[PDB]
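What follows is a single structure, written as structure tokens, with notes after it.
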Amino acid sequence: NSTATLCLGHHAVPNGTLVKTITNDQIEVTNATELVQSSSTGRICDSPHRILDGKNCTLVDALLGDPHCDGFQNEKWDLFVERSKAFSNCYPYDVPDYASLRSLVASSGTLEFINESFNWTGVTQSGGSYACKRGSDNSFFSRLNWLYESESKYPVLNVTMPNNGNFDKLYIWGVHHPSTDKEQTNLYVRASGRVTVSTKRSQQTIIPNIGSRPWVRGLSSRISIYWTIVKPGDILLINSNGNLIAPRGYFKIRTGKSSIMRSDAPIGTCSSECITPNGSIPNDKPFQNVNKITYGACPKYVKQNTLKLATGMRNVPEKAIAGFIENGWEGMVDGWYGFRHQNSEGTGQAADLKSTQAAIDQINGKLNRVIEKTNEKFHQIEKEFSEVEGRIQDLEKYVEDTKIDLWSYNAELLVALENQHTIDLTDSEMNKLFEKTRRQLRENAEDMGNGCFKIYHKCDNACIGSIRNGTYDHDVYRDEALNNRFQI
Amino acid sequence: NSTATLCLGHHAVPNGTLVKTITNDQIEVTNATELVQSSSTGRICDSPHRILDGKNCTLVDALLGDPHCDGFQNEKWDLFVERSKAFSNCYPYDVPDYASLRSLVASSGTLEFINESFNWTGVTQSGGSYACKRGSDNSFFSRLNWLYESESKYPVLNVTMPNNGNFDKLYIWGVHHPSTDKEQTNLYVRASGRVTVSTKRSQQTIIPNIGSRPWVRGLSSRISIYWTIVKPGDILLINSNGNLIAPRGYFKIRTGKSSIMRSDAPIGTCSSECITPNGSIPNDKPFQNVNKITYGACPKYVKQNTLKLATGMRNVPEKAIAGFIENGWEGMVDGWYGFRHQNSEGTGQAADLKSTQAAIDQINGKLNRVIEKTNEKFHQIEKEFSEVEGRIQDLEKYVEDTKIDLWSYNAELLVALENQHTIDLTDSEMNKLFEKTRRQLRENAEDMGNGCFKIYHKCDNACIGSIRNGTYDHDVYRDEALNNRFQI
Amino acid sequence: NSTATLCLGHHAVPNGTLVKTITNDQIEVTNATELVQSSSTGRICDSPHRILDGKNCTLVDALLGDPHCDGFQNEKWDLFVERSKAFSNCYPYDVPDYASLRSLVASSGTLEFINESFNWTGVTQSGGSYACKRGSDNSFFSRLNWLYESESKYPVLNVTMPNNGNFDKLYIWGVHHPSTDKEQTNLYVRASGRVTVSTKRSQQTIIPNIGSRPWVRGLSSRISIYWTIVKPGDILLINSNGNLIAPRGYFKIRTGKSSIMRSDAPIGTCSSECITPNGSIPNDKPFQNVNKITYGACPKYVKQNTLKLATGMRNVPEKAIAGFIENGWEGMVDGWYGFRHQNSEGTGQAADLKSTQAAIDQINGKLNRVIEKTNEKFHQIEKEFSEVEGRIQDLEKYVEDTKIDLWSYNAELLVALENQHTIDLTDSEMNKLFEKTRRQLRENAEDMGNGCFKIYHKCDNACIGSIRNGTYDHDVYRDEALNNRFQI
Ligand SMILES: *[C@@H]1O[C@H](CO)[C@@H](O[C@@H]2O[C@H](CO)[C@@H](O[C@@H]3O[C@H](CO)[C@@H](O)[C@H](O)[C@@H]3O)[C@H](O)[C@H]2NC(C)=O)[C@H](O)[C@H]1NC(C)=O
Ligand SMILES: *[C@@H]1O[C@H](CO)[C@@H](O[C@@H]2O[C@H](CO)[C@@H](O[C@@H]3O[C@H](CO)[C@@H](O)[C@H](O)[C@@H]3O)[C@H](O)[C@H]2NC(C)=O)[C@H](O)[C@H]1NC(C)=O
Ligand SMILES: *[C@@H]1O[C@H](CO)[C@@H](O[C@@H]2O[C@H](CO)[C@@H](O[C@@H]3O[C@H](CO)[C@@H](O)[C@H](O)[C@@H]3O)[C@H](O)[C@H]2NC(C)=O)[C@H](O)[C@H]1NC(C)=O
Ligand SMILES: *[C@@H]1O[C@H](CO)[C@@H](O[C@@H]2O[C@H](CO)[C@@H](O[C@@H]3O[C@H](CO)[C@@H](O)[C@H](O)[C@@H]3O)[C@H](O)[C@H]2NC(C)=O)[C@H](O)[C@H]1NC(C)=O
Ligand SMILES: *[C@@H]1O[C@H](CO)[C@@H](O[C@@H]2O[C@H](CO)[C@@H](O)[C@H](O)[C@H]2NC(C)=O)[C@H](O)[C@H]1NC(C)=O
Ligand SMILES: *[C@@H]1O[C@H](CO)[C@@H](O[C@@H]2O[C@H](CO)[C@@H](O)[C@H](O)[C@H]2NC(C)=O)[C@H](O)[C@H]1NC(C)=O
Ligand SMILES: *[C@@H]1O[C@H](CO)[C@@H](O[C@@H]2O[C@H](CO)[C@@H](O)[C@H](O)[C@H]2NC(C)=O)[C@H](O)[C@H]1NC(C)=O
Ligand SMILES: *[C@@H]1O[C@H](CO)[C@@H](O[C@@H]2O[C@H](CO)[C@@H](O)[C@H](O)[C@H]2NC(C)=O)[C@H](O)[C@H]1NC(C)=O
Ligand SMILES: *[C@@H]1O[C@H](CO)[C@@H](O[C@@H]2O[C@H](CO)[C@@H](O)[C@H](O)[C@H]2NC(C)=O)[C@H](O)[C@H]1NC(C)=O
Ligand SMILES: *[C@@H]1O[C@H](CO)[C@@H](O[C@@H]2O[C@H](CO)[C@@H](O)[C@H](O)[C@H]2NC(C)=O)[C@H](O)[C@H]1NC(C)=O
Ligand SMILES: *[C@@H]1O[C@H](CO)[C@@H](O[C@@H]2O[C@H](CO)[C@@H](O)[C@H](O)[C@H]2NC(C)=O)[C@H](O)[C@H]1NC(C)=O
Ligand SMILES: *[C@@H]1O[C@H](CO)[C@@H](O)[C@H](O)[C@H]1NC(C)=O
Ligand SMILES: *[C@@H]1O[C@H](CO)[C@@H](O)[C@H](O)[C@H]1NC(C)=O
Ligand SMILES: *[C@@H]1O[C@H](CO)[C@@H](O)[C@H](O)[C@H]1NC(C)=O
Ligand SMILES: *[C@@H]1O[C@H](CO)[C@@H](O)[C@H](O)[C@H]1NC(C)=O
Ligand SMILES: *[C@@H]1O[C@H](CO)[C@@H](O)[C@H](O)[C@H]1NC(C)=O
Ligand SMILES: *[C@@H]1O[C@H](CO)[C@@H](O)[C@H](O)[C@H]1NC(C)=O
């Protein structure tokens, strides 16, 4: 006698996308999203961090007071940007452990300088050189004081400067290395000099070395740069019989979030939390392949250039109606799961809202349950190097390589696990909907094996509606259905 | 009347607790346990490790033999505890690479010192100073020998000490830095001194520095400390024409589990494997947020202060009997899963032991399948710093920060995966029990859709017992049930 | 008979193997595979990397040109192997920061040397020593030039060498430390010498130290070794008034994949991508416990000595036919899942190929979806050390320990997760095959509860085949089966 068909199904799209799971090398899903940020605009955004463009100046030359760097006096920054075109244009110098001086100043974030009056009676102050023109005059580093003989004498200097405040003082000083003995004795009378800078807890003595170095900006002489931090209640003592390059005061040294970066990218007007030497990048994705060098709230650097996170179910092409065993339904556009029927009123279709929402709710914000937010990092270690150095650089490189391989592994496993779970939970909602419909129908229907029920009674549009609504009363139809099912 | 109802259910509690899974931001379960240790008693337990309280003494001052540290002569430790109140009270000194000498002695774990007879003929031994009082006498570091002129002469010292033993020897020696030339020549005759300590394979030469330093305990002079390790079959040679602070012998240097920690926590009578600067902590949990500085068998340091691991099923409160589709049963207190029935004898309930034990067995020891035990660590790297240093300290901080972010990621993912699996395995035990009952019943029952069966025959308490027992014989009742189901 | 029995089952084996999952401490499976490489052949394979056996020579003695290392002149390598028997046989020397010099040369991969003509007019070249015989003559390091007085004079040397090419130059030079003043003035006329080597960007000054060191190969004198790298467009300048040990030219310095390893394993004819100090190892497994020191494309080092990855389903001993609810089938040796039946023509067994392939396809290459290939590492950090050093060595050890604990955790979790997924997916294929058969049979069969169906009609060998085929037409038999099922 009289029967009807009720099929259960899920949607499908014509333009699917491939992802990887624990189970499958490649499986097509209806939708996915990229987790690796792989592009930049190429500009460093000037908000929200305070960006200071070094332009023609390294941080160290701005510290010492090279004349063409005079504009940087007493400046501050969150990120100091060093350019590849920068150059020195003052007295030729070197800094033992230059990388550490550059690092601790960059981290402090300020060039604020406070003058102090040392008692330099007995010597002449403010020596200058034609290698260090300020305007048209011979000059010198603005923060250093080149001392030399007065009236053919250089007495032994022995000078003190207490730290009577609440904060550490950073003192920058140096030692002059003459090219010849005639140069040495013309300036310091004595044939050999000595420079001792000490505190209660520390001391440094340096003896200059007389001899020719290769000509730089007209000079074979050199200055070596040193530094001393004086804690509150300690005392700076400077002791010299010649060749001392005196400080003119101290730098205020702070703690905080400041750092330094080498980059030639232009600075632009926008805001962006994450900065790389390539420019700023968005941080909406958890991973990035733009540059292992970062500043700010940044995605984690990984080796992969793409990781696709599934955001929808398996995509299965559409092969009497038929249900989910065979294929997906490209014609279902207003839900993820639903019903099709054929009965005496024709054929029709309707979406299931609840099962659709359950799948969307589980997929929404899935990655955040494991990586909630991006970590902010500020001053770190250097990661590129322009000179061969051996033991310490080997270690710096190994530390960073180790870190990147472990985060790359985490990223790969996370995406495969999460995608496996997306397939499993969207399959599971389909099955739950089918089973729920099966128990509603009791003895009034049989499973045809293709995702559909043969309903063994007349079942018009209202009857199909009551099943979708969950209000179908199997008792109303059981007598008719048993009669149809169990005849012979 | 002619039928009975049999429902399958699981327990529920009135006081559930919220956890995170791969699927859900927050889901209530019946029971959970804390995986981050976040408190301490505040005292360092004196068992099972040998604790040595430095009291007023740094390890380096106990090594050198500052008089107020004389009680530490020949001591040993598993963990040396350095107090912030410690102070020096002898000749003012510094140590180039101070951190490395503190580290290597801390790691060796002993101050065992062995006297040797160096041949100091030609000079006076045992110089002392009012800056270094031992009792009522001017004195000096007990393990060092301050040499100076005898009868207004200081010959070139040239002395040897072979290592004819089976163990490395550690020699601590020094160089005296006078304040003035009058001081220098009064002690050492020459206007300039020199100290060279060498082995077959290594050498160190130090030239003293004459000049004024700030007064510490009455003195502007200083000593610098140096060290030399001599291997079996090697030879120590000490060569000096002035300013040498000689060793009196060597320290035995061992390898093993000893270390050093900065802490102001009191030492108490108790036992604990894990020590932090805050006090000892339990190690029953896998992670801790008390301090990244630890010694012994310790939980792993993470940034989270709470991680909740589910130890029970989803909690669904109890809102005609009904089964697990609707809700959980708070009235079920002797098992996790069970049966309720309604029949001609009224209503009853009983727990299923086998499904209950299977869920408990899977949850028991769950975390230990991945992290079995806690790692024991001894001497590590420093992780707090009182001075600005630049490159090397940047690297130490970055190594530790990298480590903590990776373990913190591991802890978050592990708790999310494990909790998802606890929900899944406990849902699965409920489903398996329902299906097993479904198949026992054959054609004698229908599923009502709510976790219950309508049994289509008289089924008294003994009859319900036979289903729970697994001994129900469907054939005994089939005729009666088919007649009631199909009215045939 | 008027009925038949069709059971569904999976295979089992008599020799199972134990593995660990997220759920089970130990569960027996049909097959597993070892993921930790723990053995080696003990020989270093000479393909595909260029191996250079140091034999009696350290890399550094081969660089300087110790006469018994003359054979290594201008040599090159991918991996330089240093032997524990190596010895020095020339002038006794030391290298401040020896480890960095060894590291940067090992990394460069070449001893290619280019003689340059320095202007030493005014002094005598090519000093030699009976501690350094070449043949029967007193001699010296081949790449160094021992300068000394000519005609009782030693003028101040001031000598230049530009880099006018496109590649960096590495210069090795030294300073002679005499034992006595008579030696010093006999060689260099002056009572004290000094050596300054400088570029536009750097300077190094070393003052020699006169005094006795312990006798080595007849001499209490020593040479100290130093190095300088010169960039294109820079200039080397050597300035000395005595004690200079001059370079004879430069070493070409390259970048690439080269390194150095300490090992006493013999070199043999074979190929292997991965080298350890124990010998070469296979790299087909993802992890290894042979040695944390490796070179090339190697498995990752872990602490575990065994990790078993399941490659088959749960193994259940075979306890009239019965299906999968009870046990596995040891007698099914041609498939993983299958059918057993009893019907009017007898009893039989047949494998189901499609479900067997689905499980095998999912297990095949499962580990590669997460760790696709082996990482190639070349020059890294040192990981064993023969001298006590303190801070830097503490950090090298801690970096390596940290890495190994994180990877050992990654390995443990991966194996437990994957094994859980292998159990789950093979359980699932069995269930899917049972449900597929249930739905083919419609009203013609009942589930007996033990993994078998009672089919309520005559069902000969062809009929059973149509069920295994997916082509069974339930309508053909429905009248006969309903009559048999339903009767009072
Ligand atoms: C030791 O040797 C070096 C180099 O052999 C001498 O340095 C050289 O000094 C001369 C004159 O002082 C420099 O010449 C100048 O060159 C510039 C630029 O081309 C030009 O503007 C001048 O008019 C003059 O010709 C030469 O550049 C410089 N070479 C180097 C490499 O620095 C040094 O003077 C010698 N020292 C002693 C004490 O003899
Ligand atoms: C180089 O300059 C320093 C700094 O001015 C001189 O140091 C000072 O030396 C005097 C003694 O000559 C010390 O004074 C003493 O103070 C204590 C009280 O705390 C007092 O009882 C003593 O009776 C005397 O007043 C003073 O503390 C010290 N200051 C510092 C910072 O070291 C040093 O003497 C000069 N050296 C030469 C060689 O000229
Ligand atoms: C290599 O180094 C030597 C040593 O400095 C250089 O030789 C010296 O060269 C100068 C200039 O050619 C000579 O000066 C000349 O001396 C004669 C009389 O001695 C004088 O009449 C000339 O007017 C000029 O002053 C100097 O004598 C000579 N010294 C020696 C010991 O030979 C040589 O130039 C350097 N080679 C190169 C390519 O630069
Ligand atoms: C400073 O003291 C050292 C330590 O005693 C002196 O070194 C010793 O010097 C003697 C003679 O110069 C060396 O003697 C030789 O020993 C070898 C080894 O068997 C033997 O074959 C020779 O025939 C000769 O007897 C002795 O080895 C050496 N010992 C060491 C450890 O270097 C050094 O001479 C003293 N310096 C001065 C300037 O007096
Ligand atoms: C395909 O997946 C993406 C990623 O989840 C969906 O885009 C999200 O849409 C919601 C609501 O519109 C936004 O709140 C998210 O910010 C979007 N995420 C991204 C990364 O764009 C997208 O809607 C899905 N497409 C379809 C047709 O459902
Ligand atoms: C950075 O330095 C360059 C080099 O000195 C400067 O460029 C010169 O500027 C002067 C003054 O305007 C001109 O006379 C020269 O012709 C320029 N030379 C070149 C090669 O361009 C430049 O002005 C500096 N920039 C900043 C921002 O300070
Ligand atoms: C961002 O900048 C980095 C640094 O220069 C780029 O990396 C270089 O890429 C070139 C060619 O792609 C290689 O030859 C270099 O070896 C790379 N250098 C380093 C240090 O890796 C990178 O490609 C840039 N990325 C983007 C997205 O602009
Ligand atoms: C809630 O979960 C905790 C954690 O598993 C249970 O505590 C365990 O109880 C057993 C028996 O009392 C002890 O042997 C274990 O050592 C305990 N483990 C921990 C971590 O404390 C607790 O029993 C559970 N509560 C209920 C009501 O089931
Ligand atoms: C254990 O000791 C550490 C170190 O003192 C404590 O960490 C400090 O906590 C205070 C208060 O939150 C902060 O202001 C400091 O900046 C922290 N110092 C460091 C170095 O992190 C920690 O709170 C203590 N923990 C317990 C449980 O007592
Ligand atoms: C047991 O498992 C191992 C590991 O998967 C199987 O060995 C693989 O067999 C295939 C085909 O013979 C080869 O291509 C692979 O190279 C083998 N891998 C390893 C690691 O040996 C083995 O076939 C399985 N044994 C049985 C009886 O099923
Ligand atoms: C590979 O070589 C290393 C280094 O010798 C071996 O590790 C040593 O193992 C012995 C075991 O008798 C220990 O006593 C040593 O302390 C270990 N040394 C180090 C540095 O770890 C390792 O066992 C060897 N492995 C194989 C498979 O040959
Ligand atoms: C498929 O095309 C639609 C329509 O343009 C688009 O909205 C959707 O994001 C696409 N999805 C994929 C996975 O390409
Ligand atoms: C709930 O209360 C019981 C009764 O004392 C207690 O034993 C149990 O541990 C509590 N559990 C939670 C999650 O609060
Ligand atoms: C530590 O030093 C202070 C100050 O001299 C003293 O009063 C105290 O007794 C000392 N403590 C110990 C344990 O020696
Ligand atoms: C120490 O050396 C001197 C020679 O400088 C010698 O006379 C003396 O006997 C040696 N031994 C001693 C003093 O025990
Ligand atoms: C069991 O034995 C067979 C045949 O000898 C062998 O091929 C197989 O690898 C063994 N499996 C296990 C898990 O031992
Ligand atoms: C290494 O040195 C020993 C000792 O001189 C010598 O007998 C041997 O021949 C040398 N071997 C090689 C390979 O040079």
Side-chain angles (χ1 to χ4, degrees), chain A residues 59-67 69-70 72-75 90-98 100-102 104-105 108 110-129 132 134 139-148 154 156-165 167-177 187-188 193-206 208 222-232 234-254, chain B residues 211-214 387-388 390:
Chain A
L59 177 57
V60 167
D61 282 342
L63 175 84
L64 303 175
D66 191 335
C69 304
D70 276 349
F72 287 90
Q73 286 196 351
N74 299 317
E75 273 284 352
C90 194
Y91 210 96
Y93 70 101
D94 65 66
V95 186
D97 203 4
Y98 180 112
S100 287
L101 177 61
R102 180 183 177 274
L104 76 87
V105 176
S108 167
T110 181
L111 291 174
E112 183 186 347
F113 188 86
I114 294 188
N115 293 280
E116 300 181 303
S117 289
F118 292 92
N119 182 352
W120 298 128
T121 48
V123 294
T124 312
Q125 307 184 38
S126 292
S129 162
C132 191
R134 183 168 269 109
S139 197
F140 201 68
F141 296 107
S142 65
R143 305 318 194 177
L144 297 166
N145 193 350
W146 182 0
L147 306 185
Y148 60 101
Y154 192 114
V156 177
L157 301 179
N158 184 56
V159 175
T160 198
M161 189 67 62
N163 181 349
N164 292 324
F167 45 97
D168 292 353
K169 301 187 191 173
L170 173 69
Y171 288 99
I172 310 297
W173 49 276
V175 185
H176 181 218
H177 300 278
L187 291 162
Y188 316 119
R194 157 185 77 205
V195 172
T196 297
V197 177
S198 53
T199 64
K200 289 167 185 175
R201 56 173 304 277
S202 65
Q203 55 158 23
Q204 296 170 265
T205 294
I206 296 124
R222 300 285 192 273
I223 283 161
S224 301
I225 301 295
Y226 296 90
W227 73 87
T228 307
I229 292 181
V230 183
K231 307 288 291 181
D234 210 335
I235 309 182
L236 187 75
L237 202 168
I238 297 173
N239 182 85
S240 181
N241 64 359
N243 304 71
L244 159 67
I245 305 303
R248 294 189 186 270
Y250 63 93
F251 295 86
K252 258 204 161 79
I253 178 167
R254 305 179 192 264
Chain B
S212 315
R213 286 82 173 172
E387 282 86 40
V388 166

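Naming convention: chains lettered A, B, ... in sequence-line order (proteins, then strands); numbering from 1 in each chain.
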Decide yes or no for [X] and [Y]: does some side-chain heavy atom of the first lie under 4.5 Å from some side-chain heavy atom of the second?
X	Y	result
A:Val105	A:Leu111	yes
A:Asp94	A:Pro96	yes
A:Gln204	A:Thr228	yes

Give me the atom names and distance for the closest heavy-atom approach of [X] to [Y].
X	Y	result
A:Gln73	A:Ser142	NE2-OG, 3.3 Å
A:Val60	A:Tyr93	CG1-OH, 3.9 Å
A:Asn74	A:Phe113	OD1-N, 2.8 Å
A:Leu170	A:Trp227	CD1-CD1, 4.0 Å
A:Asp70	A:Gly65	OD1-O, 4.1 Å
A:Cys90	A:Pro67	SG-CD, 3.9 Å

Out of curiosity, [X] [atom1] to [Y] [atom2], how far, rounded to the nearest 0.5 Å?
X	Y	atom1	atom2	result
A:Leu157	A:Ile238	CG	CD1	9.0 Å
A:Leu144	A:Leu63	CG	CG	8.5 Å
A:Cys69	A:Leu59	SG	CG	10.0 Å
A:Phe140	A:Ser129	CZ	OG	8.0 Å
A:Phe118	A:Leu236	CZ	CG	5.5 Å
B:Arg213	A:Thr205	CZ	OG1	5.0 Å

Practice item. Output yes when a side-chain donor or acceptor of A:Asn241 lies under 3.5 Å from a complementary backbone atom of A:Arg194, and no otherwise. Key: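 Yes, A:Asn241 side chain to A:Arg194 backbone: donor-acceptor pair under 3.5 Å.
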Check your understanding: Within the side chain of A:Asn163, is there an N or O that forms a donor-acceptor pair under 3.5 Å with the backbone of A:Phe167?
Key ->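 Indeed, once roles are kept as given, a pair shorter than 3.5 Å links the two residues.
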Sequence-distant partners of [X], side chain to side chain donor-acceptor pair (under 3.5 Å), two or more places apart:
X	value
A:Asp66	A:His68
A:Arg222	none
A:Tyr188	A:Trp146, A:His176
A:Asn145	A:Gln125

Counterpart residues, ring-ring contact (aromatic ring centres under 6.0 Å, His included), relative to [X] (two or more places apart):
X	answer
A:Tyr171	none
A:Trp173	A:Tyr226
A:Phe72	A:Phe80

For [X], which residues count as a side chain to side chain contact (heavy atoms under 4.5 Å, CB included) partner, sequence neighbours excluded?
X	answer
A:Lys200	A:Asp234, A:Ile235, B:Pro214, B:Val216
A:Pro208	A:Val175, A:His177, A:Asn243
A:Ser139	A:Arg134
A:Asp168	A:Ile229, A:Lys231, A:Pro232, A:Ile253

Practice item. Could you name each residue pair satisfying salt bridge (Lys or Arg N to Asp or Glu O under 4.0 Å) that touches residues 110-124 of chain A, not counting sequence neighbours? Key: A:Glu112-A:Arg254, A:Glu116-A:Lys169
Review point. Given A:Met161 and A:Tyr250, is the side chain to side chain contact (heavy atoms under 4.5 Å, CB included) satisfied, shown in steps?
Key: CA-CA 11 Å; A:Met161 189 67 62; A:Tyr250 63 93; over 6 Å; no
